[PDB]
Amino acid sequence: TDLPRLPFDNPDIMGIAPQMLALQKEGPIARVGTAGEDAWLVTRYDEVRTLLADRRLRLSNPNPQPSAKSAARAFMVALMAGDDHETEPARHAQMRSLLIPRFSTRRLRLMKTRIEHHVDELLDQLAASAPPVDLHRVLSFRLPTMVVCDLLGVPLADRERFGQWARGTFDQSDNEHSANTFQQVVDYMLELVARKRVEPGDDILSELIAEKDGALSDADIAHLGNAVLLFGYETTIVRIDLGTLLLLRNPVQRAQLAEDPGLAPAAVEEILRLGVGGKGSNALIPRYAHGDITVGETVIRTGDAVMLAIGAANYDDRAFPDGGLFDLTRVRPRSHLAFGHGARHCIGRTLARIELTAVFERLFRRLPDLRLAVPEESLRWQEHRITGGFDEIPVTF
């Protein structure tokens, strides 16, 4: 008897930690220690998907004496309207109501066209440069920040100002750096709201300003803008890096995709399913039980913390035959859980899929000899950031 402790070690740079797969083989739910509170860890696909749809399991903490959280985690929860359990129902409902129509089919069609040209230009610059090159800096970072500049209606050079703010805000290791970065985000966004009130354009804050005959306060509008900026590029960057590494590891699949770029949507879905880095602490969705819930023979009690392991569930053999294998020829694969499920299902997921499809339609057709310029084992997943990620990806081509 040894209580497992999150985070678990992973001897590889990607995939699921061996002890989490061990727990998944035993059963769907286990009690575990963490760096803070103990929690229920749910690792099988069926059970994670069912609990993500359970309205008794919520982001907010209902406990009278809530455990302490890092400044980074507190900011994340507040941007998601989860910081007060008594107001979460109304505030979270309004959050989704106001954000979902900012990603209409009209906007996404226009953005797809611009995204495709931008990737073409990014890869032309990459192809003309002399290796070794940092693929993370000149491709993975540049496309999603271009997209956020478009959503916010700001010059592309602004991403040189805000491009590290998601990392800094979500630095769990330094509460002072986290709070100081978040203040820069707030200042920038309040500046942008004030500008869009006199100079609106085809962009998200202009639409929120116009909403309901101007019923929203500037602080309400900026709060929504901060969520778009802080959630809307960094995780996509990480998926471009992980998708590149996964395809480099699977040359038969990579050659299939180079030959037929019509396989890109299927490759993107496999990349999202399998793309988990380092110890994979970002591939857990955190919840608290607001009422008792039974999972198998296990009772989750009101107030208990729950970690829904979307990464491990996406590797679950019960849901994906040979769940550890990258296979873009899967016939009717189950819907993966990398965007979540249920009440908080990712708002940007259709846009994120457009970006990743445009990249992997083009990458290995444009750079057929692309490969790492350093060993995989030298690539360092950044465990202290809520969103993880690699800091650099050196390549040759």
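One rule holds for the numbers: they count along the sequence shown, beginning at 1.
Tell me which stretch has the larger mean Cα B-factor in this entry, 362-370 or 60-68. Result of the comparison: 60-68.
Problem - Stretch exceeding the other in mean C-alpha B-factor - 310-318, 81-89 - result: Per the deposited B-factors, the answer is 81-89.
### Message
Quiz for you: based on the deposited Cα B-factor, which of 327, 199, 120, 203 is highest?
### Response
In the PDB entry, the greatest C-alpha B-factor among 327, 199, 120, 203 is found at 327.
According to the deposited entry, which of 116, 292, 150, 269 has the largest Cα B-factor? In the PDB entry, the greatest C-alpha B-factor among 116, 292, 150, 269 is found at 292.
Q. Split the chain's modelled residues into thirds by Cα B-factor; is residue 385 in the lowest, middle or highest one?
A. Residue 385: CA B-factor falls in the lowest third of its chain.
Note to self: Is residue 3 in the lowest, middle or highest third of its chain when residues are ranked by C-alpha B-factor?
What the structure shows: Top third by C-alpha B-factor.
### Message
Considering every modelled residue of the chain and its Cα B-factor in the PDB entry, is residue 182 in the lowest, middle or highest third?
### Response
It belongs to the lowest third of the chain when residues are ordered by C-alpha B-factor.
For this session: Report the third (lowest, middle or highest) to which the CA temperature factor of residue 100 belongs, ranking only the modelled residues of the same chain.
Result: It falls in the middle third of the chain.
When the deposited Cα B-factors of this chain's modelled residues are ordered and cut into thirds, is residue 141 in the lowest, the middle or the highest one? Its C-alpha B-factor belongs to the lowest third of this chain's values.
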